[PDB]
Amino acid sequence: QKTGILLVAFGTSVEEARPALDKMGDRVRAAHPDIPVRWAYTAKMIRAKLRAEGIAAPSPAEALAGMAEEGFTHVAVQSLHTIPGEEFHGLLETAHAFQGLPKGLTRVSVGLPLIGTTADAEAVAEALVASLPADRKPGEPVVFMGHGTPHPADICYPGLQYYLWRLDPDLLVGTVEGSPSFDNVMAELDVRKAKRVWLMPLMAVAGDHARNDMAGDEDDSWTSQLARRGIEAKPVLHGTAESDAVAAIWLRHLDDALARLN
């Protein structure tokens, strides 16, 4: 009998972003000092870039196959995704495919992503507020940038908008590929006549979306579009994994997944 933890993030190949994952690994090690911790990454393109730089970057299937070969029997897989979308559901199916294979893993549990229950959504809204930069003034809007998805779990972003507005009417959620859109966010900002607007990534790590879509020099970036509208944009290039308050939520979800192994 041998318990392991498999941490699974979307993944990033940009070195300014990656230390935020190491931080998460330290938090997990601190909370479960006697349980081995392994990593896998869900984006196929990011694993390709990391392998290109000479770095091991297993898929969840490669990771679990390797853990089965090490003699692990019970593994808690923790998603560092934001929503239970396509990536999370793929992960769940992969994890459960390994469970019970002859001579392999006995039990493979999967921790919920950040926005799990409506109780999580409420805790996430509170944690995001606690994570705001000290320089943001009352009344200055903050736009949280999510990936967005065609998957049904896209509904987590407007759900989160509901909980954020219970706390502060000037906190907004926008996404690159889903709803609410950035056009919807600009319409929110126009009615508020906001002159300074903060932009913060909703995702665990500030990867390419945070750096280019949110804050790039190109015309199409959120910060470029806002500057054209006469708004002072203040991008914050740290993902939510940096915040202790946000990270506590993924940790609780891992505690729940570990309890499900018994």
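The first residue of the shown sequence is 1; numbering continues from there.
**Student:** Taking the recorded C-alpha temperature factors, which stretch has the higher mean, 155-163 or 111-119?
**Tutor:** According to the entry, 111-119 carries the higher average C-alpha B-factor.
**Student:** Decide which of the stretches 16-24 and 245-253 has the higher mean C-alpha B-factor, going by the entry.
**Tutor:** Averaging CA B-factors over each stretch, the winner is 16-24.
**Student:** So if I compare the CA B-factors in the entry for 197, 205, 63, 52, which one is the largest?
**Tutor:** The C-alpha B-factor peaks, among 197, 205, 63, 52, at 205.
**Student:** Considering only modelled residues of the same chain, in which third does the CA B-factor of residue 129 rank: lowest, middle or highest?
**Tutor:** Middle third by C-alpha B-factor.
**Student:** Can you tell me which third, lowest, middle or highest, the CA B-factor of residue 68 falls into for its chain?
**Tutor:** According to the entry, residue 68 has a C-alpha B-factor in the chain's lowest third.
**Student:** Just say lowest, middle or highest third for the CA B-factor of residue 235 relative to the other modelled residues in its chain.
**Tutor:** For residue 235, the deposited C-alpha B-factor lands in the middle third.
**Student:** Considering only modelled residues of the same chain, in which third does the CA B-factor of residue 92 rank: lowest, middle or highest?
**Tutor:** Its C-alpha B-factor belongs to the middle third of this chain's values.
**Student:** Divide the modelled residues of the chain into thirds by Cα B-factor and specify which third, lowest, middle or highest, holds residue 100.
**Tutor:** Residue 100: CA B-factor falls in the highest third of its chain.
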